[PDB]
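> Those letters in the sequence shown? Residues 298 to 488, 492 to 591, by the entry's author numbering. Quick reminder that beta carbons are idealized off the backbone N, C-alpha and C, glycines included.
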Amino acid sequence: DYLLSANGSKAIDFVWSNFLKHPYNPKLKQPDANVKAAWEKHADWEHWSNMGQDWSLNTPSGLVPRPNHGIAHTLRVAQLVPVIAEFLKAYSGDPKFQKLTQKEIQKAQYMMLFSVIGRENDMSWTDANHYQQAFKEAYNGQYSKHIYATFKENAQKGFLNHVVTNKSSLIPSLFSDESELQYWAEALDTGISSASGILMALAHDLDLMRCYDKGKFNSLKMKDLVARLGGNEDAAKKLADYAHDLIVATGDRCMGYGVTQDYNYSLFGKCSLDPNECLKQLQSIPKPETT
Numbered sequence: 298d299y300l301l302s303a304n305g306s307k308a309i310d311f312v313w314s315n316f317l318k319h320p321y322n323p324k325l326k327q328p329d330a331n332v333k334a335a336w337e338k339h340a341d342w343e344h345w346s347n348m349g350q351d352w353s354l355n356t357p358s359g360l361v362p363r364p365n366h367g368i369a370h371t372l373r374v375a376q377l378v379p380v381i382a383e384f385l386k387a388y389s390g391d392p393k394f395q396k397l398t399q400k401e402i403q404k405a406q407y408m409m410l411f412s413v414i415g416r417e418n419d420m421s422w423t424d425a426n427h428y429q430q431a432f433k434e435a436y437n438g439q440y441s442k443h444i445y446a447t448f449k450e451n452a453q454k455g456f457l458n459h460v461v462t463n464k465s466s467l468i469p470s471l472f473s474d475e476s477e478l479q480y481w482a483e484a485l486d487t488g492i493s494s495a496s497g498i499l500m501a502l503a504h505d506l507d508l509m510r511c512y513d514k515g516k517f518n519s520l521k522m523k524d525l526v527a528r529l530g531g532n533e534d535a536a537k538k539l540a541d542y543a544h545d546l547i548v549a550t551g552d553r554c555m556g557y558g559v560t561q562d563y564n565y566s567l568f569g570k571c572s573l574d575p576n577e578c579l580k581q582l583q584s585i586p587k588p589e590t591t
């Protein structure tokens, strides 16, 4: 809905041109030797190479930077938000989800456009916890700034930059005033009980089927989604099927759910190098109906 609006289109162009079309930062590709050694002692941690994973992807259309957190991912999580809201209203059994007016849902969708702009590598929140702990263990307890939290602070900076540059178009029609804007900017700091926060978290969670294996996606994402939909596994599966179909529509990899696939390099390149083409492919997917 909001992604074709003037405000949506301008936000997409901002995040694409200033952040998402550019490479990750080579200085964040891997830890130093000391941090690596401390990290490797934790056999239960995913390997430190997660920091440099998914750096870029060659496609017939060009070399795609940040392929696992680029324009296709960003547009999909934004597109998921209104559909998730309709599923929550239909199946959650929690009346708190009717605080989701169109304006609320549009703000949540808008925020998702800024949800990965601060990234300088592909590492997860858990990876950043591990880096910070490994740093402490390698360097006599010394403190280091949490890498993922720094990404989110940089995203807040870029979000606020865009919104204030376009304040007359966004306040009060999307954000009522500067105080409300401040609350939504603080909502980018994702590490959650509000209706809009749950909505944004579920969009992030669903799209992780692109990079989680099936055991991890089912245990860490699907169980929670089913419980949020009142235990309705059929409804959760319809919603996950939609997230899967958006992934396939953009040529992206799908590892954790449904009919799995590797990248379609041609389609992924076309979508990942042209936001408007990516959005066109996304909107060709039927939105599921709720009872």
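#1: Of the choices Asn304, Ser353, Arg373 and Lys333, whose alpha-carbon is the least far from that of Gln581?
#2: Expressed to the nearest angstrom, what Euclidean distance is found between the alpha-carbon atoms of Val312 and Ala503?
#3: What does a CB cutoff of less than 7 Å around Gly569 pick up in its chain, not counting 5 residues either side in sequence?
#4: Closer than 7 Å by C-beta to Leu410: which residues in its own chain qualify, once you throw out the five before and the five after it? Chain order, please.
#5: If you draw a straight line from the C-alpha of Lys393 to the C-alpha of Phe448, how long is it?
#6: Pairing CB atoms from the region 382-400 with CB atoms from the region 300-307, are three or more of them under 8 Å?
#7: Classify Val559: buried if its beta carbon has 16 or more other beta carbons within 10 angstroms, exposed otherwise.
#8: In the DSSP assignment, find the unbroken beta strand (DSSP E) run with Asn355 in it and report its ends.
#9: What residue range does the alpha helix (DSSP H) around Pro328 cover?
#10: On the DSSP bridge assignment, give the partners of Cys554 in chain order.
#11: Candidates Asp351, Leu377, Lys338 and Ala334: which alpha carbon is nearest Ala501's?
#12: With a Cβ-Cβ cutoff of 7 Å, do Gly438 and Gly530 count as a contact?
#13: Under a Cβ-count criterion, where at least 16 other Cβ atoms within 10 Å of its own Cβ denotes burial, should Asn532 be classed as buried or exposed?
#14: Under 8 Å by Cβ, that's how I've got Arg510 and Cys554 pegged, so tell me the actual separation to the nearest angstrom.
#15: Specify, as a first and last residue, the run of the alpha helix (DSSP H) that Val378 falls within.
#16: Considering only C-alpha positions, which residue in the set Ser476, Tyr480 and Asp329 is nearest to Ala431?
#17: Within 10 angstroms of the Cβ of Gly515, are there 16 or more other Cβ atoms? Answer buried if so, exposed if not.
#18: Can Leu325 and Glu417 be called in contact, C-beta distance under 7 Å?
#19: At what residue ranges does the region 432-473 contain a whole run of the alpha helix (DSSP H), taking only runs of 4 or more?
#20: Between the alpha carbons of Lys404 and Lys338, how many angstroms are there, rounded?
#21: Which residues in the same chain as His459 place their Cβ atom closer than 6 Å to its Cβ, once the five residues preceding and following it in sequence are excluded?
#22: Tell me which residue opens and which closes the alpha helix (DSSP H) that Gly359 is part of.
#23: For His504, report the span of its alpha helix (DSSP H) as first-last.
#24: Could you check if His370 belongs to the surroundings of the ligand GDP, using beta carbon to heavy atom distance under 6 Å?
#25: Taking the alpha helix (DSSP H) that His544 belongs to, which residues open and close that run?
#26: Distance check for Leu520 and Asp541, CA to CA, integer angstroms please.
A quick look at the data gives this:
#1: The sequence position of residue 581 within the sequence shown is 281, counting from 1. Measuring from the Cα of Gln581, the nearest candidate turns out to be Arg373.
#2: Counting from 1 along the sequence shown, the entry for residue 312 is found at position 15. Counting from 1 along the sequence shown, the entry for residue 503 is found at position 203. Taking the straight line from one Cα to the other gives about 18 Å.
#3: The sequence position of residue 569 within the sequence shown is 269, counting from 1. Around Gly569: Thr356, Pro357, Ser358, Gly359 and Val361.
#4: The count along the sequence shown starts at 1 and reaches residue 410 at position 113. Contacts found: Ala308, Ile309, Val312, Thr371 and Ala375.
#5: Looking up residue 393 in the sequence shown gives position 96. Looking up residue 448 in the sequence shown gives position 151. Their backbone Cα atoms lie some 31 Å apart in a straight line.
#6: no
#7: In the sequence shown, the residue the question calls residue 559 occupies position 259. Label assigned to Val559: exposed.
#8: Residue 355 sits at position 58 when you count from the first residue of the sequence shown. Element bounds for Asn355: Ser353 to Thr356.
#9: Taking the sequence shown and counting its residues from 1, one reaches residue 328 at position 31. No alpha helix (DSSP H) holds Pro328; DSSP gives it neither H nor E.
#10: Along the sequence shown, read from residue 1 onward, the residue named residue 554 stands at position 254. DSSP lists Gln561 as partners of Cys554.
#11: Here residue 501 refers to the residue found at position 201 when the sequence shown is read from its first residue. If we check each option's Cα against that of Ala501, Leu377 comes out closest.
#12: In the sequence shown, the residue the question calls residue 438 occupies position 141. In the sequence shown, the residue the question calls residue 530 occupies position 230. Not closer than 7 Å, so no.
#13: Within the sequence shown, residue 532 is the residue found at index 232, counting from 1. Buried is the call here.
#14: Within the sequence shown, the letter at position 210 stands for residue 510. Within the sequence shown, the letter at position 254 stands for residue 554. Yes, they are in contact, since the Cβ atoms of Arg510 and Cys554 sit about 6 Å apart, within 8 Å.
#15: Along the sequence shown, one-based indexing puts residue 378 at 81. From DSSP, the alpha helix (DSSP H) with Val378 extends over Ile368 to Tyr388.
#16: Numbered from its first residue, the sequence shown carries residue 431 at position 134. For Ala431, the nearest C-alpha among the options comes from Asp329.
#17: Residue mapping note: residue 515 aligns to position 215 of the sequence shown, counting from 1. Classification of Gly515: exposed, given that the 10 Å Cβ count is below 16.
#18: Locating residue 325 in the sequence shown gives position 28, counting from the first residue. Locating residue 417 in the sequence shown gives position 120, counting from the first residue. Yes, Cβ-Cβ distance for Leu325 and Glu417 is below 7 Å.
#19: 444-462 and 464-467
#20: Walking along the sequence shown from the start, residue 404 turns up at place 107. Walking along the sequence shown from the start, residue 338 turns up at place 41. Approximately 43 Å between the Cα atoms of the pair.
#21: Locating residue 459 in the sequence shown gives position 162, counting from the first residue. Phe311, listed in sequence order.
#22: As a first step, residue 359 must be located in the sequence shown, where it is residue number 62. Run containing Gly359: none in the alpha helix (DSSP H); it sits in the beta strand (DSSP E), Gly359 to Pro362.
#23: On the sequence shown, residue 504 is found 204 positions in, with the first residue counted as 1. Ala495 to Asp507 is the extent of the alpha helix (DSSP H) around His504.
#24: Among the ligands in the structure shown, none appear at all, so the ligand GDP cannot be discussed.
#25: In the sequence shown, the residue the question calls residue 544 occupies position 244. Unbroken alpha helix (DSSP H) run through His544: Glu533 to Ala549.
#26: Position 241 of the sequence shown holds residue 541. Position 220 of the sequence shown holds residue 520. Going from the Cα of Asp541 to the Cα of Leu520 covers about 17 Å.
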